[PDB]
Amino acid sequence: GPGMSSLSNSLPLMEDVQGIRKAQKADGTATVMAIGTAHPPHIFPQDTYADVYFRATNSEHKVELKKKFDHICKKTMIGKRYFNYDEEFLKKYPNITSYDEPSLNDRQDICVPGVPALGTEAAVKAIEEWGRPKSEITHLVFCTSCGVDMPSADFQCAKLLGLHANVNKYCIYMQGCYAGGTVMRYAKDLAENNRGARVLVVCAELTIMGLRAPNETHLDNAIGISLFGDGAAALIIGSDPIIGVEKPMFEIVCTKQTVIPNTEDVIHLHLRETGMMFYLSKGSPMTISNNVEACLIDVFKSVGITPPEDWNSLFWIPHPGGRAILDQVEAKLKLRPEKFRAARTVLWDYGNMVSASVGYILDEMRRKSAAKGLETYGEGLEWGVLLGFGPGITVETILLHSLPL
């Protein structure tokens, strides 16, 4: 345990700066001890998505574009997605279902209170699994690329959960698809540098912020709409787990963010009067794959560990940005076909939930490992990596150590 009340960890009686620092910092590695997930109620099957999307956006007359989009939908390897809207809800907003009519205000009115609400649902489940009082949460890391406001989404989530007035909040806005890795990076330093600290990480996304009508000259926008789904993932992270009360699963050993040079125009999103405008180059799977190995070598060398000769020796939580990203990263690292199974299962059942996807995969991995009676939460293996990929191109590389079952 943290030993907050122990003599060895007590604060100095005199105003000793270094003595305060020694008492204030935690001892061990930041550890994931609970994972909760949530999604909105409306089920959108991928086999009928081309029909639903083209009908809802008054685009069924674009016959050749529909056939092209139906092909893309089959190639996504997504079976279903969840949204906070149905066809009836979209009829109230003809501006959102158009291509470029003014729509930010309406999207903000939905996303500003909606994202913290969805995130709170995942947080309640994470707090329940953890089992300790919500008043003992000292840090809140909220993450979303859907909606911005002052006071921010972290404030709203804290209010809905009824967290202490003195909770240290962090609002990670618009960090896209790498954000699920960014939250682990934040949580690591926050938990490790503060004795007794328990960090609640919340990643929540409502993709209606980027929904619009398909366009022939902006084909990449429709491709993004075939991938993005709504969802929320929440995690409780803390150093020095209390034996018999908390359940330590994954230790966050090293966390580094890397930018791939000369690739700013590969994945970029802009918040305009028409909402979030998405742009994607055909070169994203190959750009990520050609640079992922260098990111892994960096994360291992930064902690003095010799990079494994075989990448199959590790467990993996890669962000399912697209099926081709998963396929090409797998091929470059010479990984066996089942190494990314947890990621492919989540992509199938939930789609690309932006920052929430990796939390869902980490949940799937630990649940399947326990269900099969494996040795550790990380597929029976000791070391692994969580990867976030997004705008920049930016790669978040999170080195994890799994504890035994």
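Residue indices: 1-based, along the sequence shown.
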note = Mean B factor on CA atoms, stretches 35-43 and 22-30, record says higher is 35-43
ask   = Got a sec? Mean C-alpha B-factor, which is higher, 143-151 or 83-91?
value = 83-91
message = So if I compare the CA B-factors in the entry for 300, 311, 316, 99, which one is the largest?
response = 99
task = Tell me which of 307, 119, 180, 322 tops the list for C-alpha B factor in the record.
result = 307
query = Lowest, middle or highest third: where is residue 283 by C-alpha B factor in its chain?
reply = highest
note = Sorting the chain's modelled residues by C-alpha B-factor and splitting them into thirds places residue 336 in the middle
note = Quick tally, chain-level thirds of C-alpha B-factors: residue 348 sits in the middle
message = Looking at the temperature factor on the CA atom of residue 176, which third of the chain's modelled residues does it land in?
response = lowest
query = Ranked by Cα temperature factor within the chain, is residue 63 in the lowest third, the middle third or the highest third?
reply = highest
